[PDB]
RNA sequence: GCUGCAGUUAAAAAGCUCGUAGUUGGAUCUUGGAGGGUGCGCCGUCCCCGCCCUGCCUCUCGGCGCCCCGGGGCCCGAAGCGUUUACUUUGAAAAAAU
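Protein chains in written order, with the entry's author numbering: chain b, 1 to 84; chain N, 2 to 151; chain L, 1 to 158; chain W, 2 to 130; chain H, 5 to 194.
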């Protein structure tokens, strides 16, 4: 705190380190993804932290299990984010 | 911070700005309202519907893809149940604690806790009642509560 | 309605006379009771109930012999235990300089309530007007029922 | 919890200037905070400020020079009677000459000088010098 | 002609007539007709940009907008090209209701909807002036001279459709509210 | 000790928490030009004021009035008239003595 910051334009790096609620103007720190499993060809959208089992469209498969935080995606899987 | 303890803990959603979106979100109001109603048929709570919707199927907030909160959707279909859910789970919790205390008359901690829960209930009901949701004269009673929650 | 007349004495408005009479239909005559009313003034609409009604109430401001002069007050209805009379609670602010915050204070005021008003229910805000001593306690008379289903805490309908 | 929001904004400022700070981020802001920040601004006691729009209640960045000894808030918002304004400024202002008592009147949030000129009065918000 | 689509309580004309005709010109076509046809407009107003290329502002019923949103980009592209020398866009007429006083009188007129407030409406104007981008954030700057300026943050992607426009959005906005608006770009959370 | 007190150790925070009264309660709904007072020798200096660079409706009533076949409809003062207040502001009403 040396009488030097531009509270209005703070850096993206140290904004990105701060608590989601402590951010200049707030915003979350969580995201969505599309997920693959070769056998099917279509793609289920999933939330980064998830609580629910998420199962795919048809195959009783799996597609992550939950945790304290981010859902752990399951073994042989792929995932683009992603939007805006 | 916190009401019935000394806990401080800040913890939250952090809801998004962006006014509109998601944009990568196609589907439609049609779609998710059907989804909601069908889930609520199955007995699911609005909290629960919001979660399962969130993670399994694309719905960041049901509010955004439909100008209405999940509970309001339920109530408009005709799925709203008798008392609000928070009040339910409180009443249910005080029930389970009460059943445990009847079993174990020696547990003073439990007696303290039962009080806390119960106070939280009475205040919440006072609030719901003030606001018409509950008929003025609504009260939670051990005797009848057990019978009420199930 | 309920038979008014109820008591032992024949209830009637003074100096409003009858005379029924012979011939056909009615029979006598159809209304069978001439009724006399007046508007209180101060722009208080004399409710239909007063004109339409059978009830006697000398104490009534519209139908009865009482004049409304003096203070016109408003209060919230605390009690409607007594027949034809109510108790209203009047909140007011008391100013205390000696150091300065004044503290809410209240007074209850007994006030006669004509049968013309109904749904006088506790919680209702009401406008009463000063009057000649009706009874040892009662100085006032309910002139207008302010109402509201509002105060929502429930949903009123019509 | 929170009773008032102004008192926080003002204090935050005062501690900024006391440190030797030249900016602050107050939260959460309000029409009344803006109006007060504005009266301060007109007079010089702060530089320019900026209301950032979280989708919540707001956050303000004030850029401050250093002409500010103190900006206080009066709670509760006592009613003042035109010849209690004369009594207030004397209670809490450095010299008769300067510093402002800022109050809220039916005709706007204003410094008491503007109050005297309009010839209206009301309830006291706070002050500065 | 004038009767149909320039209506909304006044016939009128000239530009409204031209643009309407342009819509018809577009109407001949395929999928670039039938989808539009439903759409209708209340009025057009023209206001300039400082060196002197004018901007044309179009007014919509508001229940309509979702459909207008449906096309927008493609249509605006056509209107800019056919009608060139102008910045075209789309604003929805919104009602705005006055805050009651008191003695305004007050015969407690039916509540009113936030979705009727002057500020909310203005916010809507800002939202309408830019399009598919999104307003990421906002700030208000209090100038030394009692002035206020609103910094309206913008997204990033697809912006280009708006990039050249910006100045007009500022001017257009001014004509409506009398407030000053400024535009910026962000950042990308990491 | 309102303004304007002290309570770790000096006299003084209940062992702790629940809790009714009472008190206390987030953000957010409208955006120069001249008139009059006293200073300085026809000129001006310095306040104060309505301005430039937002009560609706009526049009139980009355009619300013607009259109229809005695029947109708509509629609400056006055009227309708107030959503409630607190507040504050401007008046009156405000014993003499003091």
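For each residue, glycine too, the CB sits at the ideal point set by N, CA and C.
(request) Reducing DSSP to helix, strand and coil, say where residue 32(H) ends up. (result) coil
(message) Please report the distance separating the alpha-carbon of residue 51(L) from that of residue 29(L).
(response) 18 Å
(message) DSSP has residue 44(b) in a bridge; who is on the other side?
(response) 35(b)
(message) Report the start-end ranges of each beta strand (DSSP E) in the region 99–158 of chain L that is 3 residues or longer and not cut off at the edges.
(response) 104–112, 125–131, 140–145
(request) Confirm, please, whether the CB-CB distance from residue 116(W) to residue 104(W) is below 8 Å. (result) yes
(request) Pick out the complete beta strand (DSSP E) segments inside the region 132–167 of chain H, 3 residues or longer, and give them in chain order. (result) 139–146, 152–158
(request) Determine the closest residue to residue 48(L) out of 62(L), 58(L), 75(L), with distance taken between C-alpha atoms. (result) 62(L)
(request) Can you tell me which of 71(H), 190(H), 93(H) puts its alpha carbon nearest to the alpha carbon of residue 81(H)? (result) 93(H)
(request) Specify the secondary structure class of residue 80(W) as computed by DSSP and reduced to three states. (result) strand
(request) Could you have a look at residue 11(N) and say whether DSSP puts it in helix, strand or coil? (result) coil
(message) Run through chain W and tell me which residues come within less than 7 Å of residue 18(N), C-beta to C-beta.
(response) 56
(message) Please state the DSSP three-state secondary structure of residue 92(L).
(response) strand
(message) Please tell me whether residue 72(L) and residue 42(L) are closer than 8 Å, where the distance is taken between their beta carbons.
(response) yes
(request) Please name the residue, chosen from 131(L), 75(L), 55(L), 81(L), that lies closest to residue 7(L) on a Cα-to-Cα basis. (result) 55(L)
(request) Whole angstroms is fine: what's the gap from residue 15(b)'s alpha carbon to residue 29(b)'s? (result) 11 Å
(message) Would you say residue 14(H) lies against chain b (beta-carbon separation less than 8 Å)?
(response) no
(request) Grab the span of the alpha helix (DSSP H) containing residue 71(H) for me, first residue to last. (result) 69–75
(message) What does DSSP give as the partner residue(s) for residue 85(L) in the beta ladder?
(response) 112(L)
(message) Starting from residue 52(H), trace the beta strand (DSSP E) in both directions and tell me its first and last residue.
(response) 48–52
(request) Would you kindly report the start and end of the unbroken beta strand (DSSP E) that includes residue 64(W)? (result) 60–64
(message) 8 Å is my cut-off, CB to CB: does residue 29(N) come that close to chain L?
(response) no
(request) Mind listing the chain N neighbours of residue 155(L)? Cutoff is C-beta to C-beta under 8 Å, in chain order. (result) 133
(request) Give every residue of the same chain whose Cβ lies closer than 7 Å to the Cβ of residue 49(b), excluding the five residues on either side of it in the sequence, and list them in chain order. (result) 30, 69, 70, 71
(request) Could you work out which residues of chain L lie near residue 137(N), taking near to mean beta carbons separated by less than 9 Å? (result) 153, 154
(message) For chain H, check one thing: does any of its Cβ atoms lie closer than 8 Å to the Cβ of residue 50(W)?
(response) yes
(message) Any C-beta of chain b within less than 8 Å: which residues of the region 12–29 of chain W qualify?
(response) 20, 21, 22, 23, 24, 25, 26
(request) Give the straight-line distance between the Cα atoms of residue 3(H) and residue 36(W), rounded to the nearest whole angstrom. (result) The question about residue 3(H) has no answer here: the residues shown for chain H are numbered 5 through 194.
(request) Report the rounded CA-to-CA distance for residue 9(W) versus residue 107(L), giving the unit in angstroms. (result) 39 Å
(request) Provide the residue(s) that pair with residue 188(H) in DSSP beta bridges, ordered along the chain. (result) 157(H)
(message) Since residue 2(H) and residue 55(N) should fall inside the 8 Å C-beta cutoff, what is the C-beta to C-beta distance between them, to a whole number of angstroms?
(response) Coverage of chain H is limited to positions 5 through 194, which leaves residue 2(H) absent and any answer about it impossible.
(message) I need the boundaries of the alpha helix (DSSP H) containing residue 18(H), first residue and last residue.
(response) It is not in any alpha helix (DSSP H) - residue 18(H) carries neither H nor E in the DSSP assignment.
(request) Could you please give me the residues that DSSP links to residue 112(W) through a beta bridge? (result) 103(W)
(request) Using a Cβ cut-off of 7 Å, pull out every chain b residue sitting near residue 11(N), in sequence order please. (result) 21
(request) Decide if residue 172(H) is buried, meaning its Cβ has at least 16 other Cβ atoms within 10 Å, or exposed. (result) buried
(request) Kindly list the residues whose CB is nearer than 8 Å to the CB of residue 7(W), restricted to its own chain and excluding five residues on each side of it in sequence; keep chain order. (result) 31, 33, 34, 37, 74, 126, 127
(request) Apply the 10 Å Cβ neighbour rule to residue 78(N) and answer buried if 16 or more other Cβ atoms are within range, or exposed otherwise. (result) exposed
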